[PDB]
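Input: a single structure, listed below in structure tokens.
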Amino acid sequence: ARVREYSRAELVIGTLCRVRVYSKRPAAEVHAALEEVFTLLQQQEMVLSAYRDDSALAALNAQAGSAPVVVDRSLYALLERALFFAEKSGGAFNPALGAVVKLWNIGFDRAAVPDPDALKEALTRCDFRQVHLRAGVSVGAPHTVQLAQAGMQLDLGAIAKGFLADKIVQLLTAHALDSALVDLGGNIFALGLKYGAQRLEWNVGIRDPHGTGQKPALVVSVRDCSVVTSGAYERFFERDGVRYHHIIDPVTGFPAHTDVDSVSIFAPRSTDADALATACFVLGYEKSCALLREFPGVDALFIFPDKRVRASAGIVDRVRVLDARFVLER
Ligand SMILES: Cc1cc2nc3c(=O)[nH]c(=O)nc-3n(C[C@H](O)[C@H](O)[C@H](O)COP(=O)(O)OP(=O)(O)OC[C@H]3O[C@@H](n4cnc5c(N)ncnc54)[C@H](O)[C@@H]3O)c2cc1C
Ligand SMILES: [Mg+2]
Ligand SMILES: [Mg+2]
Ligand code: NA
Ligand code: NA
């Protein structure tokens, strides 16, 4: 049996999603797996999306301040993990920030900053501790979510791509695949090893925060690892000489003012890397380092505005600088 390399990519969940596979299985088996990957992404866009009016999440948000809503086990599990990271990060990551994000989401569309009293009012409706998850213990008991605070809105944008990458890895493994690179709008999962007959680590690129996105500034060699990066210049608009990016500091209600240009988290679960990258960007370097000591199975790489790069002990020897303007501190 010969090794063959496959890739497929589609526009879905508002971005470019690509999966690359190396396999010795019959091509028809790989094709079926990839068909299912992209069907999964279409289906889950309709479960998780905060943009669409017809999503499961949109329906849940429509019931804020009312009775508990039945959800599938998968959505319940994601919400549980999101609330876990909200608690651990002191709300730096907050999955109930929809009231505020929606004010800034219309700002992006109109290139305009939201009113101050409006933002202050919005922040009163973002207490994630008022998201109540309950699941009975008996056979076939339903999973439920209640949004106790009137007007509160879930927004899972900062954890959903991680969740989907993990679901895709589980699907690929179910199809007896063990070598893939999953890339959901830059949210990466490196499954197994690639092929050169030699097996090699995947070389995951991390962009210049101010780059045009084309070329990586750095590459990191990894196996069985997610790599997720949060940065200011990922998504922003400008008004009167000021840049407003998409990652909100829940204390201020404004885009976070932080001491790093990007943070990349390396974790065995992409769900976790995705939530932590957002939290760490909001928290800044020193507080991120404190948070990450609570997760010894995770590594991190910080790119500072002065182009210094600091990486934790578990990955620093795996980092190669490609753009010599950047310096890896050792
Ligand atoms: C199912 C799904 C469907 C999507 N559909 C569309 C679409 O139709 N059109 C489109 O343009 N984009 C779409 N997106 C992308 C969407 O805009 C997300 O906001 C984006 O994936 C997050 O970008 P990020 O990973 O770089 O940053 P992250 O840092 O991982 O997430 C930032 C996002 O999380 C929210 N957020 C901001 N601050 C915080 C905070 N402190 N804590 C927690 N959350 C915060 C906001 O939604 C923000 O956009 C979709 C994403 C998903 C997951
Ligand atoms: Mg994130
Ligand atoms: Mg993300
Ligand atoms: Na209010
Ligand atoms: Na800050």
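Numbering starts fresh at 1 for the residues of each chain in the structure tokens, the chains themselves are lettered A, B, ... in the order given, and ligands are numbered from 1 as they appear.
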
Problem set entry | Expected selection as a list in words for ligand 5 within 9 Å, only C-alpha atoms and all ligand atoms | residues 249, 256, 257, 258, 259, 281, 282, 283 and 284 of chain A

Serialized selection, C-alpha atoms, as a PDB file, in the first residue's frame:
```
ATOM      1  CA  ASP A 249     -11.467  43.296  27.717  1.00  0.00           C
ATOM      2  CA  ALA A 256      -8.025  44.887  25.168  1.00  0.00           C
ATOM      3  CA  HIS A 257      -4.946  47.067  25.702  1.00  0.00           C
ATOM      4  CA  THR A 258      -2.242  44.474  26.243  1.00  0.00           C
ATOM      5  CA  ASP A 259       1.565  44.126  26.246  1.00  0.00           C
ATOM      6  CA  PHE A 281      -4.250  38.063  25.095  1.00  0.00           C
ATOM      7  CA  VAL A 282      -6.616  39.933  27.425  1.00  0.00           C
ATOM      8  CA  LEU A 283      -4.550  39.182  30.537  1.00  0.00           C
ATOM      9  CA  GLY A 284      -1.181  40.203  29.086  1.00  0.00           C
TER      10      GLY A 284
END
```

For this session: Give as a PyMOL selection string the residues surrounding ligand 3 up to a distance of 10 Å, considering only C-alpha atoms and all ligand atoms.
Result: chain A and resi 156-163+184-188+228-231+247+270-271+273-278

Write out the residues from the selection above, keeping C-alpha atoms, as an mmCIF file, in the first residue's frame.
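Contents of selection.cif, as written:
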```cif
data_model
loop_
_atom_site.group_PDB
_atom_site.id
_atom_site.type_symbol
_atom_site.label_atom_id
_atom_site.label_comp_id
_atom_site.auth_asym_id
_atom_site.auth_seq_id
_atom_site.Cartn_x
_atom_site.Cartn_y
_atom_site.Cartn_z
ATOM 1 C CA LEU A 156 -18.733 31.269 21.492
ATOM 2 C CA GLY A 157 -16.543 32.876 18.834
ATOM 3 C CA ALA A 158 -13.415 32.552 20.961
ATOM 4 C CA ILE A 159 -13.769 28.778 21.584
ATOM 5 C CA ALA A 160 -15.907 27.339 18.750
ATOM 6 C CA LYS A 161 -13.130 26.840 16.181
ATOM 7 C CA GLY A 162 -11.142 24.937 18.805
ATOM 8 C CA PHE A 163 -14.164 22.808 19.539
ATOM 9 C CA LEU A 184 -9.902 26.313 10.516
ATOM 10 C CA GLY A 185 -9.221 29.937 9.658
ATOM 11 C CA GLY A 186 -5.764 29.541 11.181
ATOM 12 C CA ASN A 187 -6.852 27.476 14.196
ATOM 13 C CA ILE A 188 -4.565 24.458 13.698
ATOM 14 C CA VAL A 228 -4.077 28.601 18.225
ATOM 15 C CA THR A 229 -3.060 32.258 18.032
ATOM 16 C CA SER A 230 -4.852 35.398 19.204
ATOM 17 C CA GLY A 231 -3.648 38.785 18.018
ATOM 18 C CA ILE A 247 -10.895 40.885 21.393
ATOM 19 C CA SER A 270 -7.841 22.743 20.468
ATOM 20 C CA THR A 271 -10.880 23.777 22.553
ATOM 21 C CA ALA A 273 -5.869 26.312 23.157
ATOM 22 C CA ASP A 274 -8.561 28.500 21.604
ATOM 23 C CA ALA A 275 -10.061 29.676 24.929
ATOM 24 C CA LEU A 276 -6.635 30.150 26.528
ATOM 25 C CA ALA A 277 -5.231 32.165 23.624
ATOM 26 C CA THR A 278 -8.073 34.674 23.978
#
```

Exercise. Mind pulling up the distance from atom CA of residue 246 of chain A to atom 27 (O, counted along the ligand's line) of ligand 1?
Worked result: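 Atom CA of residue 246 of chain A lies at a distance of 7.3 Å from atom 27 (O, counted along the ligand's line) of ligand 1.
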
Counting only C-alpha atoms and all ligand atoms, which residues of chain A fall within 10 Å of ligand 4, and what is the closest atom pair for each with its distance in Å at one decimal, ordered by chain and rising number, as a tab-separated table?
```
residue	atom	partner	partner_atom_place_in_ligand_line	distance
A:99	CA	ligand 4	1 (Na)	9.5
A:118	CA	ligand 4	1 (Na)	8.9
A:119	CA	ligand 4	1 (Na)	9.8
A:120	CA	ligand 4	1 (Na)	8.4
A:121	CA	ligand 4	1 (Na)	4.8
A:122	CA	ligand 4	1 (Na)	6.2
A:123	CA	ligand 4	1 (Na)	7.8
A:124	CA	ligand 4	1 (Na)	5.5
A:125	CA	ligand 4	1 (Na)	6.0
A:126	CA	ligand 4	1 (Na)	9.7
A:149	CA	ligand 4	1 (Na)	9.4
A:150	CA	ligand 4	1 (Na)	8.0
A:151	CA	ligand 4	1 (Na)	7.3
A:152	CA	ligand 4	1 (Na)	9.1
```

For this session: Could you give me the residues within segment 57-267 of chain A that DSSP places in strand (DSSP E or B), as a PyMOL selection string?
Result: chain A and resi 69-71+131-135+143-147+180-184+187-191+194-195+199-200+202-207+216-222+225-231+236-239+242-245+248-249+254-255+262-267

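Using only C-alpha atoms, the nearest neighbour of residue 183 of chain A within the list A:215, A:52, A:4, A:18 is A:18.
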
Problem set entry | Contacts of residue 298 of chain A within 12 Å, only C-alpha atoms, excl. fewer than 6 positions in-chain, as a PyMOL selection string | chain A and resi 225-228+264-270+272-274+276-277+288-289+291-292+311-315

Those residues with N, CA and C atoms, as a PDB file, in the first residue's frame please?
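File written: selection.pdb
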```
ATOM      1  N   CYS A 225      -0.982  18.012  18.539  1.00  0.00           N
ATOM      2  CA  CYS A 225      -0.949  19.291  19.252  1.00  0.00           C
ATOM      3  C   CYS A 225      -1.816  20.269  18.469  1.00  0.00           C
ATOM      4  N   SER A 226      -2.592  21.094  19.181  1.00  0.00           N
ATOM      5  CA  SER A 226      -3.250  22.225  18.547  1.00  0.00           C
ATOM      6  C   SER A 226      -2.364  23.421  18.718  1.00  0.00           C
ATOM      7  N   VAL A 227      -2.417  24.335  17.751  1.00  0.00           N
ATOM      8  CA  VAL A 227      -1.737  25.630  17.858  1.00  0.00           C
ATOM      9  C   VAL A 227      -2.760  26.686  17.495  1.00  0.00           C
ATOM     10  N   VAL A 228      -3.087  27.543  18.458  1.00  0.00           N
ATOM     11  CA  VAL A 228      -4.077  28.601  18.225  1.00  0.00           C
ATOM     12  C   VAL A 228      -3.504  29.935  18.666  1.00  0.00           C
ATOM     13  N   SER A 264       0.258  32.498  21.183  1.00  0.00           N
ATOM     14  CA  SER A 264      -0.034  31.206  20.565  1.00  0.00           C
ATOM     15  C   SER A 264       0.011  30.154  21.642  1.00  0.00           C
ATOM     16  N   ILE A 265      -1.060  29.362  21.746  1.00  0.00           N
ATOM     17  CA  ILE A 265      -1.147  28.321  22.741  1.00  0.00           C
ATOM     18  C   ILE A 265      -1.080  26.976  22.032  1.00  0.00           C
ATOM     19  N   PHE A 266      -0.303  26.094  22.640  1.00  0.00           N
ATOM     20  CA  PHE A 266      -0.048  24.745  22.165  1.00  0.00           C
ATOM     21  C   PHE A 266      -0.658  23.816  23.206  1.00  0.00           C
ATOM     22  N   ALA A 267      -1.668  23.034  22.819  1.00  0.00           N
ATOM     23  CA  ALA A 267      -2.379  22.185  23.767  1.00  0.00           C
ATOM     24  C   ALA A 267      -2.833  20.902  23.105  1.00  0.00           C
ATOM     25  N   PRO A 268      -3.009  19.833  23.882  1.00  0.00           N
ATOM     26  CA  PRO A 268      -3.557  18.616  23.282  1.00  0.00           C
ATOM     27  C   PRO A 268      -5.000  18.730  22.816  1.00  0.00           C
ATOM     28  N   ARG A 269      -5.742  19.688  23.351  1.00  0.00           N
ATOM     29  CA  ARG A 269      -7.096  19.958  22.905  1.00  0.00           C
ATOM     30  C   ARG A 269      -7.170  21.344  22.323  1.00  0.00           C
ATOM     31  N   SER A 270      -7.680  21.447  21.098  1.00  0.00           N
ATOM     32  CA  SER A 270      -7.841  22.743  20.468  1.00  0.00           C
ATOM     33  C   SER A 270      -8.874  23.638  21.173  1.00  0.00           C
ATOM     34  N   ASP A 272      -9.194  23.995  24.265  1.00  0.00           N
ATOM     35  CA  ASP A 272      -8.470  24.609  25.360  1.00  0.00           C
ATOM     36  C   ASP A 272      -7.496  25.667  24.834  1.00  0.00           C
ATOM     37  N   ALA A 273      -6.810  25.366  23.736  1.00  0.00           N
ATOM     38  CA  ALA A 273      -5.869  26.312  23.157  1.00  0.00           C
ATOM     39  C   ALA A 273      -6.587  27.577  22.700  1.00  0.00           C
ATOM     40  N   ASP A 274      -7.783  27.393  22.149  1.00  0.00           N
ATOM     41  CA  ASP A 274      -8.561  28.500  21.604  1.00  0.00           C
ATOM     42  C   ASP A 274      -8.996  29.417  22.764  1.00  0.00           C
ATOM     43  N   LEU A 276      -7.800  29.602  25.839  1.00  0.00           N
ATOM     44  CA  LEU A 276      -6.635  30.150  26.528  1.00  0.00           C
ATOM     45  C   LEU A 276      -5.942  31.238  25.730  1.00  0.00           C
ATOM     46  N   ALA A 277      -5.910  31.138  24.415  1.00  0.00           N
ATOM     47  CA  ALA A 277      -5.231  32.165  23.624  1.00  0.00           C
ATOM     48  C   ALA A 277      -5.947  33.507  23.781  1.00  0.00           C
ATOM     49  N   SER A 288      -0.743  36.058  32.159  1.00  0.00           N
ATOM     50  CA  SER A 288      -0.853  34.842  31.368  1.00  0.00           C
ATOM     51  C   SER A 288       0.071  33.767  31.903  1.00  0.00           C
ATOM     52  N   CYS A 289       1.309  34.125  32.180  1.00  0.00           N
ATOM     53  CA  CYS A 289       2.252  33.160  32.716  1.00  0.00           C
ATOM     54  C   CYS A 289       1.734  32.573  34.020  1.00  0.00           C
ATOM     55  N   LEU A 291      -1.533  32.296  34.944  1.00  0.00           N
ATOM     56  CA  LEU A 291      -2.632  31.414  34.582  1.00  0.00           C
ATOM     57  C   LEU A 291      -2.106  30.092  34.042  1.00  0.00           C
ATOM     58  N   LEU A 292      -1.081  30.135  33.187  1.00  0.00           N
ATOM     59  CA  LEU A 292      -0.658  28.939  32.472  1.00  0.00           C
ATOM     60  C   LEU A 292       0.049  27.945  33.380  1.00  0.00           C
ATOM     61  N   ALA A 311       9.018  31.758  24.455  1.00  0.00           N
ATOM     62  CA  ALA A 311       8.287  30.494  24.350  1.00  0.00           C
ATOM     63  C   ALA A 311       8.568  29.674  25.594  1.00  0.00           C
ATOM     64  N   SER A 312       7.563  28.936  26.045  1.00  0.00           N
ATOM     65  CA  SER A 312       7.731  28.125  27.244  1.00  0.00           C
ATOM     66  C   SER A 312       8.610  26.897  26.968  1.00  0.00           C
ATOM     67  N   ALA A 313       9.071  26.253  28.050  1.00  0.00           N
ATOM     68  CA  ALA A 313      10.125  25.248  27.962  1.00  0.00           C
ATOM     69  C   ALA A 313       9.756  24.060  27.094  1.00  0.00           C
ATOM     70  N   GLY A 314       8.472  23.746  27.006  1.00  0.00           N
ATOM     71  CA  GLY A 314       8.063  22.575  26.256  1.00  0.00           C
ATOM     72  C   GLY A 314       8.103  22.718  24.745  1.00  0.00           C
ATOM     73  N   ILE A 315       8.212  23.950  24.251  1.00  0.00           N
ATOM     74  CA  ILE A 315       8.250  24.159  22.804  1.00  0.00           C
ATOM     75  C   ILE A 315       9.429  24.977  22.310  1.00  0.00           C
TER      76      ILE A 315
END
```

Shell around segment 27-33 of chain A at 9 Å using only C-alpha atoms, local window under 3 positions removed, as a CSV table (one decimal) with N, CA and C atoms, in the first residue's frame:
```csv
chain,number,residue,atom,x,y,z
A,4,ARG,N,-0.5,8.4,0.2
A,4,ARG,CA,-1.0,9.4,-0.7
A,4,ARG,C,-1.4,10.6,0.2
A,6,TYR,N,-3.7,14.1,0.6
A,6,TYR,CA,-5.0,14.7,0.2
A,6,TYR,C,-5.2,16.0,0.9
A,21,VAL,N,-4.5,15.4,4.7
A,21,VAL,CA,-4.3,14.1,5.2
A,21,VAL,C,-3.3,13.3,4.5
A,23,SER,N,-2.4,9.3,4.0
A,23,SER,CA,-2.9,8.0,4.4
A,23,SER,C,-2.5,6.9,3.4
A,24,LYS,N,-2.4,5.7,3.9
A,24,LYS,CA,-2.3,4.5,3.1
A,24,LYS,C,-3.6,3.7,2.9
A,36,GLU,N,-17.3,13.9,5.3
A,36,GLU,CA,-17.9,14.0,6.6
A,36,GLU,C,-17.4,15.2,7.4
A,37,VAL,N,-16.1,15.5,7.2
A,37,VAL,CA,-15.5,16.7,7.9
A,37,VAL,C,-16.3,17.9,7.4
A,38,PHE,N,-16.6,18.1,6.2
A,38,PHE,CA,-17.1,19.3,5.7
A,38,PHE,C,-18.6,19.3,5.9
A,171,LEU,N,-13.3,12.7,14.4
A,171,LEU,CA,-13.9,12.1,13.2
A,171,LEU,C,-12.8,11.5,12.4
A,172,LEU,N,-11.7,12.1,12.2
A,172,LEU,CA,-10.6,11.5,11.4
A,172,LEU,C,-10.1,10.2,12.0
A,174,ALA,N,-11.8,8.3,14.0
A,174,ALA,CA,-12.9,7.3,13.8
A,174,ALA,C,-12.8,6.6,12.4
A,175,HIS,N,-12.3,7.4,11.4
A,175,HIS,CA,-12.1,6.8,10.1
A,175,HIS,C,-10.7,6.2,9.9
A,177,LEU,N,-7.8,7.3,10.4
A,177,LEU,CA,-6.7,8.2,10.0
A,177,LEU,C,-5.9,8.7,11.1
```

May I have all residues of segment 14-61 of chain A that DSSP, computed from the backbone, assigns to alpha helix (DSSP H), given as a short mmCIF file (atom, residue, chain, number, x, y, z; two decimals) with N, CA, C and O atoms, in the first residue's frame?
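Once written, out-v5.cif looks like this:
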```
data_model
loop_
_atom_site.label_atom_id
_atom_site.label_comp_id
_atom_site.auth_asym_id
_atom_site.auth_seq_id
_atom_site.Cartn_x
_atom_site.Cartn_y
_atom_site.Cartn_z
N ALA A 27 -8.28 5.36 -1.24
CA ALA A 27 -8.66 6.74 -1.46
C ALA A 27 -10.14 6.96 -1.19
O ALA A 27 -10.49 7.99 -0.64
N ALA A 28 -10.99 6.01 -1.53
CA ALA A 28 -12.42 6.16 -1.29
C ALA A 28 -12.69 6.34 0.19
O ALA A 28 -13.63 7.06 0.56
N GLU A 29 -11.89 5.72 1.06
CA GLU A 29 -12.06 5.87 2.50
C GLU A 29 -11.66 7.25 2.96
O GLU A 29 -12.31 7.84 3.81
N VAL A 30 -10.63 7.82 2.37
CA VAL A 30 -10.22 9.15 2.76
C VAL A 30 -11.21 10.17 2.25
O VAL A 30 -11.59 11.08 2.99
N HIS A 31 -11.69 9.99 1.03
CA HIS A 31 -12.70 10.86 0.46
C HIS A 31 -13.94 10.84 1.36
O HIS A 31 -14.51 11.91 1.64
N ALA A 32 -14.36 9.69 1.84
CA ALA A 32 -15.56 9.64 2.70
C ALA A 32 -15.33 10.41 3.99
O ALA A 32 -16.23 11.11 4.48
N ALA A 33 -14.15 10.27 4.58
CA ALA A 33 -13.83 11.01 5.80
C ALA A 33 -13.89 12.50 5.55
O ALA A 33 -14.45 13.24 6.36
N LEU A 34 -13.29 12.98 4.47
CA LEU A 34 -13.31 14.40 4.17
C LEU A 34 -14.70 14.93 3.85
O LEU A 34 -15.04 16.05 4.26
N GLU A 35 -15.54 14.15 3.19
CA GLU A 35 -16.93 14.50 2.98
C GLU A 35 -17.58 14.75 4.32
O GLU A 35 -18.29 15.75 4.51
N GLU A 36 -17.33 13.86 5.28
CA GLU A 36 -17.93 14.00 6.59
C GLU A 36 -17.38 15.16 7.37
O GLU A 36 -18.13 15.82 8.10
N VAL A 37 -16.10 15.46 7.24
CA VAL A 37 -15.54 16.66 7.87
C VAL A 37 -16.30 17.91 7.45
O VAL A 37 -16.69 18.75 8.29
N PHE A 38 -16.57 18.06 6.16
CA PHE A 38 -17.14 19.29 5.67
C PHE A 38 -18.65 19.32 5.87
O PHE A 38 -19.21 20.39 6.02
N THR A 39 -19.29 18.15 5.95
CA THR A 39 -20.69 18.08 6.37
C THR A 39 -20.80 18.49 7.84
O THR A 39 -21.70 19.27 8.19
N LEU A 40 -19.90 18.00 8.68
CA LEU A 40 -19.88 18.39 10.09
C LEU A 40 -19.76 19.91 10.23
O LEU A 40 -20.49 20.53 11.01
N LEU A 41 -18.87 20.54 9.49
CA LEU A 41 -18.68 21.99 9.59
C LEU A 41 -19.94 22.72 9.16
O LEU A 41 -20.33 23.70 9.81
N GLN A 42 -20.62 22.28 8.11
CA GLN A 42 -21.88 22.90 7.70
C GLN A 42 -22.93 22.74 8.80
O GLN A 42 -23.62 23.72 9.16
N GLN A 43 -23.06 21.54 9.36
CA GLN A 43 -24.08 21.30 10.39
C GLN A 43 -23.78 22.15 11.62
O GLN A 43 -24.70 22.79 12.19
N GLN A 44 -22.53 22.21 12.04
CA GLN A 44 -22.18 22.91 13.28
C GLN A 44 -22.23 24.42 13.14
O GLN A 44 -22.42 25.13 14.14
N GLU A 45 -22.12 24.93 11.92
CA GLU A 45 -22.29 26.36 11.71
C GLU A 45 -23.72 26.68 12.14
O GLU A 45 -23.96 27.73 12.75
N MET A 46 -24.67 25.78 11.89
CA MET A 46 -26.07 26.00 12.27
C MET A 46 -26.39 25.74 13.75
O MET A 46 -27.49 26.02 14.21
N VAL A 47 -25.45 25.19 14.49
CA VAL A 47 -25.60 24.99 15.92
C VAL A 47 -24.98 26.17 16.65
O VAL A 47 -25.60 26.75 17.54
N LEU A 48 -23.78 26.56 16.25
CA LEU A 48 -22.91 27.41 17.07
C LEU A 48 -22.87 28.88 16.71
O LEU A 48 -22.38 29.70 17.48
N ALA A 56 -28.90 27.06 16.76
CA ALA A 56 -29.27 26.62 18.09
C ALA A 56 -28.88 27.67 19.12
O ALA A 56 -29.63 27.97 20.05
N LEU A 57 -27.72 28.30 18.95
CA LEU A 57 -27.26 29.29 19.90
C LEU A 57 -28.15 30.53 19.88
O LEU A 57 -28.45 31.14 20.91
N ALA A 58 -28.59 30.91 18.68
CA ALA A 58 -29.47 32.06 18.55
C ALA A 58 -30.78 31.77 19.26
O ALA A 58 -31.37 32.65 19.87
N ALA A 59 -31.26 30.53 19.16
CA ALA A 59 -32.50 30.16 19.83
C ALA A 59 -32.34 30.20 21.34
O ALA A 59 -33.23 30.64 22.05
N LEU A 60 -31.20 29.72 21.83
CA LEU A 60 -30.91 29.77 23.25
C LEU A 60 -30.89 31.22 23.76
O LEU A 60 -31.50 31.56 24.78
N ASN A 61 -30.21 32.10 23.02
CA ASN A 61 -30.15 33.50 23.39
C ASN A 61 -31.51 34.18 23.40
O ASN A 61 -31.73 35.11 24.15
#
```

Problem set entry | Shell of 12 Å around residue 198 of chain A, only C-alpha atoms, local chain residues under 4 positions omitted, as a ChimeraX atom specification | /A:3,193-194

Seminar exercise, completed: Counting only C-alpha atoms, the residue among A:224, A:320, A:251, A:211 that lies closest to residue 173 of chain A is A:224
